[PDB]
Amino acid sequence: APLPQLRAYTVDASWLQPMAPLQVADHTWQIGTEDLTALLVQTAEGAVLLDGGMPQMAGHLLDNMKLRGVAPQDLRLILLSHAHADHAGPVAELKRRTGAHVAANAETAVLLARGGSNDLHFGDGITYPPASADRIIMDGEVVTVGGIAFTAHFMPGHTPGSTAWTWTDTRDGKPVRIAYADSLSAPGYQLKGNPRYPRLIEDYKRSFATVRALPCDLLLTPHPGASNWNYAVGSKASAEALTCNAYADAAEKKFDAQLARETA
């Protein structure tokens, strides 16, 4: 009767199904997979990447960046929604091969430094290669690259450093306010009386209000289905996409239902 073997982080096959760059606005592109969002913004002074998905997506992201005419050293910045394995996986590998810098809040930085290990809810079950944060950003701080300003909005809940990024692009000259909000889910989390996260409910509730107030005309999420995006249908991907209110209102109802069943 020996000690058990290590277990690998296995996900759905749709999370790893590669797709070609699907255009969102004049400057924003989806270069991830069908069920994992990885946003690429092209400016005149370089490129900015928002999330990257699973650790084995590094080569696929570089192929799509080459498809958009972007060299590795043209990726100037890497922004994260939250530092979990299915979103900040290839960050370490992408920093070594692109010469890019990662900006994240202090809570996302410390979790990125230990590669998702010692997670508040998952422990060491979802460990990915660790990376370091080059620039610590605060709540409401503006990050400007090539004229495009990225505003951070702290929405702690899924992780203590969960962050929503808001910027303004164009839809053929016509401006558009895009909001890439992080997840509001608590899969298997202990909400009531968690010794590792005592103020979790206060952070989740306040984050529900933060998402509703974001300046947004088109919403995206790290998991496209959570905001009713269908990356696999191309042009009609944003057809049934939700609003900030509907996304936060739906996520809050299932949080209170989960909170209610947890008390029983």
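Note that residue numbering follows the sequence shown and begins at 1. In this text, rigid core is short for the largest set of C-alphas that superpose within 1.5 Å between two forms.
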Legend entry - Core-fitted comparison in 9 other deposited structures of this protein, 182-190 vs 169-177, farther C-alphas: 169-177
Inset, instruction - Give the stretch, out of 171-179 and 189-197, with the larger mean C-alpha temperature factor in the deposited entry. - result: 171-179
Inset, instruction - Taking the mean of the C-alpha B-factors per stretch from the entry, tell me the winner out of 104-112 and 69-77. - result: 69-77
Inset, instruction - Determine which member of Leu40, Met57, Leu218, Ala232 has the highest CA B-factor, using the values in the deposited entry. - result: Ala232
Legend entry - Lowest, middle or highest third - CA B-factor, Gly157: lowest
Inset, instruction - Classify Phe122 as lowest, middle or highest third according to the C-alpha B-factor given in the PDB entry, relative to its own chain. - result: highest
Inset, instruction - Pull the Cα B-factor of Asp203 out of the PDB entry and bin it into the chain's lowest, middle or highest third. - result: middle
Inset, instruction - Within this chain's modelled residues, let me know which third the CA B factor of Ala47 belongs to: lowest, middle or highest. - result: middle
Legend entry - Chain third (lowest, middle, highest) by recorded CA B-factor, residue given as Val211: highest
